[PDB]
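One structure is given below, encoded as structure tokens.
The first residue of the sequence shown is numbered 1, and numbering continues consecutively from there.
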Amino acid sequence: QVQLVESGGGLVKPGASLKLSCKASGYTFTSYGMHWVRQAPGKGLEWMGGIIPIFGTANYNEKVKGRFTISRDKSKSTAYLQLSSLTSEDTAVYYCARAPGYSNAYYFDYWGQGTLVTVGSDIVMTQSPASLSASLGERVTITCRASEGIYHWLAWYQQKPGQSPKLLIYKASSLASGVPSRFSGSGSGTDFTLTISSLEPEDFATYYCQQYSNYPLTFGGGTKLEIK
């Protein structure tokens with residue numbers, strides 16, 4: 001029973017500081033990495049940084065490095081994200097997400113529920129189409145393009161409305177455990193695709209791709225797959 005619980009969000013004024021907390025339970029905290037990814041409309045998913053709890057080492061997205069600080073408390077099984085000099089641009093849902101390895105250049109196997117924060121040389125991942133209407137029992141293929149070669153270091157996530165993302169595929173074509181057989185991914189280099197061989201009602205969602213070849217970790221803008 002993997003559980004990630006974020007807390008500490010709220011409504012703040014420009015220039016404020018805010019500390020977020022992520023409580024991990026149901027697994028050994030020090031065996032996995034801990035990242036912070038934020039999401040807002042029109043801004044998509046944006047990697048903040050991650051930390052390897054046994055080493056206490058962290059990597060950041062250059063756009064927030066020095067302003068935001070990640071830390072951990074191994075005895076508490078908790079990762080933290082310290083926000084500073086907050087601006088209108090930092091308005092987002094802040095997720096903590098687990099990385100299944102000892103590298104900060106990775107994909108995430110579990111995401112928390114998110115905590116809302118409101119203030120009042122990069123590999124570009126592009127997804128197309130932005131939206132696609134489809135009907136049940138149909139085969140659908142969606143695309144993801146990397147601005148430069150990423151070998152097979154690509155992950156696909158599904159996000160249903162009101163929910164956090166869920167891992168579908170990692171390593172471009174490896175299906176995540178418990179994911180239905182109707183999902184497949186293919187590609188290498190810069191050209192990637194996700195296919196659902198026969199749509200089920202649960203498959204109507206937004207799909208994101210993410211590269212984990214270089215820093216910063218970057219996400220595509222998403223494809224919303226909707227009924228008829």
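To the nearest 0.5 Å, atoms SG (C96) and NZ (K23) are separated by 12.0 Å. Separating the OG atom in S174 from the CH2 atom in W156 is a distance of 14.5 Å, to the nearest 0.5 Å. The line from CD of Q211 to OG1 of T190 is 12.5 Å long, rounded to the nearest 0.5 Å. Note: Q158 CD to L225 CG = 9.5 Å, rounded to the nearest 0.5 Å. Distance OH/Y207 to OG1/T143: 15.0 Å, rounded to 0.5 Å. Rounding to the nearest 0.5 Å gives a distance of 10.0 Å between CZ of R145 and SG of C209.
Across every non-hydrogen atom of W47 and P216, the tightest pair is CZ3-CA, 3.6 Å. Taking each heavy atom of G33 and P53 in turn, the nearest pair found is CA-CD, 3.9 Å. Taking both residues in full, the closest heavy atoms of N104 and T57 are given as ND2-O, 3.4 Å, listed atom of the first, atom of the second, then distance. Here the closest heavy-atom approach between residue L132 and residue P129 is recorded as CB-CG, 3.8 Å. For the residue pair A99 and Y106, the shortest heavy atom distance occurs at CB-CB, 4.2 Å. Contact between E6 and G112 at its shortest, heavy atoms only, is OE2-CA, 3.2 Å.
At distances below 3.5 Å, not a single donor-acceptor pair connects side-chain atoms of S85 with backbone N or O atoms of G15. Side chain of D73 to backbone of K76: a donor-acceptor contact under 3.5 angstrom is found. When atom types are taken as modelled, the side chain of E46 and the backbone of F219 share no donor-acceptor pair closer than 3.5 angstrom. For the pair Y212 (side chain) and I150 (backbone), a donor-acceptor distance under 3.5 Å is absent. For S103 (side chain) and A105 (main-chain N/O), a donor-acceptor pair under 3.5 Å exists by modelled atom type. Checking side-chain atoms of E226 against main-chain N and O of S133 turns up no donor-acceptor pair under 3.5 Å. With hydrogens and angles ignored, the 3.5 Å screen pairs no side-chain donor or acceptor of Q163 with any backbone N or O of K160. At least one donor-acceptor pair under 3.5 Å links the side chain of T218 to the backbone N or O of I123. Panel note: side chain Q82, backbone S71; no donor-acceptor pair is recorded below 3.5 Å. Distance alone, capped at 3.5 Å, places no donor-acceptor pair between the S198 side chain and the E138 backbone.
Between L194 and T223, the closest side-chain pair of non-hydrogen atoms is not below 4.5 Å. Using a 4.5 Å heavy-atom threshold, the side chains of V119 and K13 count as separate. When side chains are defined from C-beta on, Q113 does not count as touching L4, because their heavy atoms never get closer than 4.5 Å. Put simply, the side chain of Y208 does not reach to within 4.5 Å of the side chain of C144, judged on heavy atoms. Between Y94 and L81 there is a side-chain heavy-atom pair separated by less than 4.5 Å. Residues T195 and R139 form a side-chain contact, since some pair of their non-hydrogen atoms from C-beta on lies under 4.5 Å apart. In this structure, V117 and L18 have side chains that are in contact, with non-hydrogen atoms separated by less than 4.5 Å. Counting heavy atoms from C-beta on, the side chains of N59 and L217 never come closer than 4.5 Å.
Ring-centre distance between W111 and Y157: below the 6.0 Å cut-off.
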Please evaluate residues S173 and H152 with respect to the criterion side-chain contact (heavy atoms from CB on, under 4.5 Å), reporting the C-alpha separation (whole Å), side-chain torsions for both, the decisive distance (0.1 Å), and the verdict. CA-CA 8 Å; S173 62; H152 54 198; over 6 Å; no
Run the side-chain contact (heavy atoms from CB on, under 4.5 Å) check on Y32 and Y110 step by step: do they pass? CA-CA 11 Å; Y32 298 86; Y110 287 93; over 6 Å; no
Begin with the C-alpha distance, continue with both residues' side-chain angles, and end with the deciding distance and a verdict on side-chain contact (heavy atoms from CB on, under 4.5 Å) for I54 and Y102. CA-CA 9 Å; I54 31 82; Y102 300 100; 3.7 Å; yes
Could you go through the side-chain contact (heavy atoms from CB on, under 4.5 Å) check for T118 and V12 one step at a time? CA-CA 6 Å; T118 302; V12 301; over 6 Å; no
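With respect to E202 and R182, a salt bridge is recorded, a charged nitrogen being found less than 4.0 Å from a carboxylate O. Under a 4.0 Å N-O distance rule, the pair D122/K63 does not qualify as a salt bridge. With respect to the salt-bridge test (charged N to carboxylate O, under 4.0 angstrom), the residues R67 and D90 qualify.
Residue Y151 is not grouped with residue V124 when hydrophobic side chains (ILVMFWY) are merged at heavy-atom distances under 4.5 angstrom, including chains of intermediate members. Under the 4.5 Å side-chain heavy-atom criterion for grouping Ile, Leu, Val, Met, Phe, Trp and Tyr, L83 is connected to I70 within one hydrophobic cluster. Linking ILVMFWY side-chain heavy atoms closer than 4.5 Å, directly or via other members, places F192 and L168 in a single hydrophobic cluster. In this structure, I227 is a member of the same hydrophobic cluster as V140, with clusters built from ILVMFWY side-chain heavy atoms closer than 4.5 Å. Tracing side-chain contacts under 4.5 Å through hydrophobic residues (I, L, V, M, F, W, Y), one never reaches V93 starting from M34; they form parts of separate clusters.
In this structure, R98 fails the cation-pi test against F108, since its NZ or CZ atom is not both closer than 6.0 Å to the six-membered ring centre and inside 45 degrees of the ring normal. Cation-pi geometry between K19 and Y80 is met: the NZ or CZ atom falls under 6.0 Å from the ring centre, inside 45° of the normal.
Within a 6.0 Å sphere centred on CD of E62, heavy atoms belonging to other residues, nucleotides or ligands number 12 at most.
A parallel orientation is assigned to the rings of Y107 and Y170, their planes being inclined by less than 30° (bins at 30° and 60°).
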